[PDB]
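Here's data.pdb, which has PDB, C-alpha atoms (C1' of nucleotides):
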```pdb
ATOM      1  CA  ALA A   2      30.661  49.355 111.740  1.00  0.00           C
ATOM      2  CA  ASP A   3      30.019  46.137 113.672  1.00  0.00           C
ATOM      3  CA  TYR A   4      28.498  42.721 112.958  1.00  0.00           C
ATOM      4  CA  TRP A   5      25.718  43.177 110.416  1.00  0.00           C
ATOM      5  CA  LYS A   6      22.670  40.969 110.978  1.00  0.00           C
ATOM      6  CA  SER A   7      20.001  40.518 108.321  1.00  0.00           C
ATOM      7  CA  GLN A   8      16.298  40.200 109.041  1.00  0.00           C
ATOM      8  CA  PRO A   9      14.831  36.806 108.082  1.00  0.00           C
ATOM      9  CA  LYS A  10      13.232  36.568 104.652  1.00  0.00           C
ATOM     10  CA  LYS A  11      10.482  34.149 103.616  1.00  0.00           C
ATOM     11  CA  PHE A  12       9.961  32.866 100.095  1.00  0.00           C
ATOM     12  CA  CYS A  13       6.363  32.731  98.869  1.00  0.00           C
ATOM     13  CA  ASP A  14       6.136  29.844  96.401  1.00  0.00           C
ATOM     14  CA  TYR A  15       2.510  30.619  95.583  1.00  0.00           C
ATOM     15  CA  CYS A  16       3.445  34.146  94.501  1.00  0.00           C
ATOM     16  CA  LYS A  17       7.090  33.408  93.544  1.00  0.00           C
ATOM     17  CA  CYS A  18       8.268  36.317  95.671  1.00  0.00           C
ATOM     18  CA  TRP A  19      10.153  37.292  98.827  1.00  0.00           C
ATOM     19  CA  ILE A  20       8.670  38.875 101.958  1.00  0.00           C
ATOM     20  CA  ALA A  21       9.701  39.392 105.575  1.00  0.00           C
ATOM     21  CA  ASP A  22       9.467  36.704 108.275  1.00  0.00           C
ATOM     22  CA  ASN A  23       7.286  38.563 110.757  1.00  0.00           C
ATOM     23  CA  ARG A  24       3.610  38.692 111.709  1.00  0.00           C
ATOM     24  CA  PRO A  25       2.545  41.863 109.833  1.00  0.00           C
ATOM     25  CA  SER A  26       4.229  41.355 106.453  1.00  0.00           C
ATOM     26  CA  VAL A  27       3.210  37.694 106.192  1.00  0.00           C
ATOM     27  CA  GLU A  28      -0.340  38.492 107.304  1.00  0.00           C
ATOM     28  CA  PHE A  29      -0.634  41.334 104.771  1.00  0.00           C
ATOM     29  CA  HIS A  30       0.751  39.118 102.005  1.00  0.00           C
ATOM     30  CA  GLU A  31      -1.865  36.500 102.911  1.00  0.00           C
ATOM     31  CA  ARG A  32      -4.727  38.970 102.343  1.00  0.00           C
ATOM     32  CA  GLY A  33      -3.387  40.300  99.045  1.00  0.00           C
ATOM     33  CA  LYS A  34      -5.460  39.866  95.906  1.00  0.00           C
ATOM     34  CA  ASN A  35      -2.395  38.606  94.032  1.00  0.00           C
ATOM     35  CA  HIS A  36      -1.753  35.957  96.693  1.00  0.00           C
ATOM     36  CA  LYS A  37      -5.341  34.700  96.507  1.00  0.00           C
ATOM     37  CA  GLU A  38      -5.185  34.628  92.703  1.00  0.00           C
ATOM     38  CA  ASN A  39      -1.934  32.648  92.809  1.00  0.00           C
ATOM     39  CA  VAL A  40      -3.346  30.182  95.349  1.00  0.00           C
ATOM     40  CA  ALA A  41      -6.480  29.644  93.252  1.00  0.00           C
ATOM     41  CA  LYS A  42      -4.378  29.165  90.115  1.00  0.00           C
ATOM     42  CA  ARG A  43      -2.160  26.656  91.940  1.00  0.00           C
ATOM     43  CA  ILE A  44      -5.183  24.658  93.126  1.00  0.00           C
ATOM     44  CA  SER A  45      -6.718  24.688  89.645  1.00  0.00           C
ATOM     45  CA  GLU A  46      -3.413  23.614  88.091  1.00  0.00           C
ATOM     46  CA  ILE A  47      -3.099  20.765  90.600  1.00  0.00           C
ATOM     47  CA  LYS A  48      -6.577  19.470  89.777  1.00  0.00           C
ATOM     48  CA  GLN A  49      -6.083  19.832  86.013  1.00  0.00           C
ATOM     49  CA  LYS A  50      -2.721  18.044  86.105  1.00  0.00           C
ATOM     50  CA  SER A  51      -4.195  15.219  88.191  1.00  0.00           C
ATOM     51  CA  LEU A  52      -7.015  14.795  85.662  1.00  0.00           C
ATOM     52  CA  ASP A  53      -4.550  14.801  82.758  1.00  0.00           C
ATOM     53  CA  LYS A  54      -2.388  12.268  84.610  1.00  0.00           C
TER
ATOM     54  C1'   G B   1     -16.786  85.091  32.992  1.00  0.00           C
ATOM     55  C1'   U B   2     -13.999  88.498  29.805  1.00  0.00           C
ATOM     56  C1'   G B   3     -13.336  90.057  24.858  1.00  0.00           C
ATOM     57  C1'   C B   4     -14.357  89.008  19.442  1.00  0.00           C
ATOM     58  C1'   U B   5     -17.288  87.501  14.833  1.00  0.00           C
ATOM     59  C1'   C B   6     -17.966  92.383   9.249  1.00  0.00           C
ATOM     60  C1'   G B   7     -23.038  85.646  11.487  1.00  0.00           C
ATOM     61  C1'   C B   8     -28.932  85.846  12.847  1.00  0.00           C
ATOM     62  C1'   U B   9     -29.750  90.088  14.421  1.00  0.00           C
ATOM     63  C1'   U B  10     -31.412  93.839  18.098  1.00  0.00           C
ATOM     64  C1'   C B  11     -28.472  97.100  21.321  1.00  0.00           C
ATOM     65  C1'   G B  12     -33.384  93.360  24.959  1.00  0.00           C
ATOM     66  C1'   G B  13     -31.309  88.860  22.715  1.00  0.00           C
ATOM     67  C1'   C B  14     -29.069  84.486  20.062  1.00  0.00           C
ATOM     68  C1'   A B  15     -25.076  80.875  17.417  1.00  0.00           C
ATOM     69  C1'   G B  16     -19.901  80.136  17.193  1.00  0.00           C
ATOM     70  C1'   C B  17     -14.952  81.522  18.770  1.00  0.00           C
ATOM     71  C1'   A B  18      -9.584  82.522  22.308  1.00  0.00           C
ATOM     72  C1'   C B  19      -8.133  81.688  27.702  1.00  0.00           C
ATOM     73  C1'   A B  20     -10.075  78.584  32.604  1.00  0.00           C
ATOM     74  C1'   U B  21      -8.885  71.617  33.164  1.00  0.00           C
ATOM     75  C1'   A B  22      -9.514  67.915  37.912  1.00  0.00           C
ATOM     76  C1'   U B  23      -8.328  70.226  45.578  1.00  0.00           C
ATOM     77  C1'   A B  24      -8.917  67.071  50.184  1.00  0.00           C
ATOM     78  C1'   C B  25      -4.585  61.885  56.153  1.00  0.00           C
ATOM     79  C1'   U B  26      -9.879  63.570  53.083  1.00  0.00           C
ATOM     80  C1'   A B  27     -12.317  64.570  59.473  1.00  0.00           C
ATOM     81  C1'   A B  28     -16.015  68.841  62.711  1.00  0.00           C
ATOM     82  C1'   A B  29     -17.935  64.996  65.314  1.00  0.00           C
ATOM     83  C1'   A B  30     -18.613  58.843  67.290  1.00  0.00           C
ATOM     84  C1'   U B  31     -17.956  55.964  71.411  1.00  0.00           C
ATOM     85  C1'   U B  32     -16.280  52.032  75.342  1.00  0.00           C
ATOM     86  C1'   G B  33     -11.832  49.979  77.230  1.00  0.00           C
ATOM     87  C1'   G B  34      -6.925  48.971  79.537  1.00  0.00           C
ATOM     88  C1'   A B  35      -3.935  51.585  82.652  1.00  0.00           C
ATOM     89  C1'   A B  36       2.031  54.245  88.222  1.00  0.00           C
ATOM     90  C1'   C B  37       6.490  52.717  91.417  1.00  0.00           C
ATOM     91  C1'   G B  38       2.778  58.897  92.701  1.00  0.00           C
ATOM     92  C1'   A B  39       0.587  59.072  97.698  1.00  0.00           C
ATOM     93  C1'   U B  40      -0.871  56.308 101.555  1.00  0.00           C
ATOM     94  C1'   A B  41      -0.687  51.269 104.391  1.00  0.00           C
ATOM     95  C1'   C B  42       3.038  47.263 106.054  1.00  0.00           C
ATOM     96  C1'   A B  43       7.832  45.622 106.828  1.00  0.00           C
ATOM     97  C1'   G B  44      12.489  47.501 106.887  1.00  0.00           C
ATOM     98  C1'   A B  45      20.157  45.342 109.984  1.00  0.00           C
ATOM     99  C1'   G B  46      19.383  48.226 102.919  1.00  0.00           C
ATOM    100  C1'   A B  47      26.710  44.456 102.733  1.00  0.00           C
ATOM    101  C1'   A B  48      29.558  39.909 107.148  1.00  0.00           C
ATOM    102  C1'   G B  49      31.044  33.550 109.266  1.00  0.00           C
ATOM    103  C1'   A B  50      25.839  31.288 107.929  1.00  0.00           C
ATOM    104  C1'   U B  51      28.408  28.382 113.624  1.00  0.00           C
ATOM    105  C1'   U B  52      31.340  25.747 118.436  1.00  0.00           C
ATOM    106  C1'   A B  53      31.570  21.760 122.146  1.00  0.00           C
ATOM    107  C1'   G B  54      32.903  16.606 123.187  1.00  0.00           C
ATOM    108  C1'   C B  55      34.495  11.659 121.596  1.00  0.00           C
ATOM    109  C1'   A B  56      36.245   8.411 118.259  1.00  0.00           C
ATOM    110  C1'   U B  57      39.011   7.466 113.830  1.00  0.00           C
ATOM    111  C1'   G B  58      43.643   8.574 110.430  1.00  0.00           C
ATOM    112  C1'   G B  59      49.617   9.797 110.711  1.00  0.00           C
ATOM    113  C1'   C B  60      54.400   9.396 113.723  1.00  0.00           C
ATOM    114  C1'   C B  61      57.163   7.585 118.327  1.00  0.00           C
ATOM    115  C1'   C B  62      57.748   4.811 122.534  1.00  0.00           C
ATOM    116  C1'   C B  63      55.832   1.248 126.778  1.00  0.00           C
ATOM    117  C1'   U B  64      52.820  -3.118 128.341  1.00  0.00           C
ATOM    118  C1'   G B  65      49.706  -7.645 127.474  1.00  0.00           C
ATOM    119  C1'   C B  66      48.042 -11.882 124.206  1.00  0.00           C
ATOM    120  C1'   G B  67      48.562 -14.660 119.635  1.00  0.00           C
ATOM    121  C1'   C B  68      51.392 -16.386 114.921  1.00  0.00           C
ATOM    122  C1'   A B  69      55.983 -17.428 112.407  1.00  0.00           C
ATOM    123  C1'   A B  70      61.171 -17.918 112.549  1.00  0.00           C
ATOM    124  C1'   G B  71      64.875 -18.161 115.676  1.00  0.00           C
ATOM    125  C1'   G B  72      69.370 -16.968 119.429  1.00  0.00           C
ATOM    126  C1'   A B  73      72.226 -17.522 124.339  1.00  0.00           C
ATOM    127  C1'   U B  74      72.036 -20.222 128.924  1.00  0.00           C
ATOM    128  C1'   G B  75      70.857 -23.726 133.342  1.00  0.00           C
ATOM    129  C1'   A B  76      70.229 -28.257 136.071  1.00  0.00           C
ATOM    130  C1'   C B  77      72.933 -34.176 140.860  1.00  0.00           C
ATOM    131  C1'   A B  78      71.091 -39.233 142.621  1.00  0.00           C
TER
END
```

Represent the supplied structure as structure tokens.
Amino acid sequence: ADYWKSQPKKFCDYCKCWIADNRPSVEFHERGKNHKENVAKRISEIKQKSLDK
RNA sequence: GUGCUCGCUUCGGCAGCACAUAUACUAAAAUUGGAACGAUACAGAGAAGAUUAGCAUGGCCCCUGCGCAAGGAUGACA
């Protein structure tokens, strides 16, 4: 009925997802098992690609 | 198994004869695995432009100053 305003949204490139820009959602996404798995896979991929390079 | 052979043979039996002709995912049981968008937990504006303030540039019209080029009209006795 008046000026709509959207909450900020943060892209997670480790998890290839979207979450909310606020303390609780970002903090909960940090402690997710999927987030840790994606971070570990990203680190492993970085090291493997550097070795192949 | 039933019934029959003028069979051996006795009613205790035997040999042969006619009919019977090929079912089943076959299964009662064996085990260890991988598992929600269902709940709770979090977030939740779950549909808007992703803006407005100056100055300078660019266009048009005058005015003023300097330079370049080409010129017009005029003025001056002893």

Excluding same-chain residues fewer than 3 positions from residue 5 in chain A, what lies within 9 Å of it counting all atoms listed in the file, as a PDB file with C-alpha atoms (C1' of nucleotides), in the coordinates of the input?
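Dumped everything to around-v4.pdb:
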```pdb
ATOM      1  CA  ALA A   2      30.661  49.355 111.740  1.00  0.00           C
TER       2      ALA A   2
ATOM      3  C1'   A B  45      20.157  45.342 109.984  1.00  0.00           C
ATOM      4  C1'   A B  47      26.710  44.456 102.733  1.00  0.00           C
ATOM      5  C1'   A B  48      29.558  39.909 107.148  1.00  0.00           C
TER       6        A B  48
END
```

For chain B against chain A, which residues fall within 12 Å using only C-alpha atoms (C1' of nucleotides), given as a ChimeraX atom specification?
/B:41-50

Distance in Å - CA of residue 41 in chain A versus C1' of residue 35 in chain B:
24.5 Å

A straight line from CA of residue 9 in chain A to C1' of residue 36 in chain B spans 29.4 Å

Going by the chain IDs and residue numbers used in this file, which residues fall under the PyMOL selection byres ((chain A and resi 15) around 6)? Write them as a ChimeraX atom specification.
/A:13-14,16-17,39-40
